[PDB]
């Protein structure tokens, strides 16, 4: 991946405006409600009903964890694959997460961020955010190289 200056500035800019607990919690809840089969991968997280998912403290926590995971890539934009080496193993060999779900979660995060940032989330800005998520999702999936 070759990042442009605009892209690096925009990605750091976006994440500096996101409360990881709020956005992460919201993003994960959104995924589990819009794509409810995604709940099966969290079968050990308790009471999951939309209000139940909205109120679940484990989901709030795990949502925060995801945003912190993404922060690792923001702080290492030229070395995302290596940074995510153990996460990629975890989500494949251990958790057997079908890779489409990474796209589902990414699209939820994008909608959450678009709602927060409003007019500021222009086509150009979304283009940079999506390049970033594509690199992240490629690094999170099973690695064949």
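Numbering follows the first chain given and starts at 1.
Counting the unmodelled positions of the deposited sequence between residue 48 and residue 49 gives a small gap of 1 to 3 residues. Higher mean CA B-factor, judged across 82-90 and 23-31 from the recorded values: 23-31. The PDB entry records a higher mean C-alpha B factor for 54-62 than for its counterpart among 39-47 and 54-62. For residue 77, the recorded CA temperature factor ranks within the highest third of the chain's modelled residues. Sort the chain's modelled residues by C-alpha temperature factor and residue 99 lands in the highest third, per the entry. For residue 11, the recorded CA temperature factor ranks within the highest third of the chain's modelled residues.
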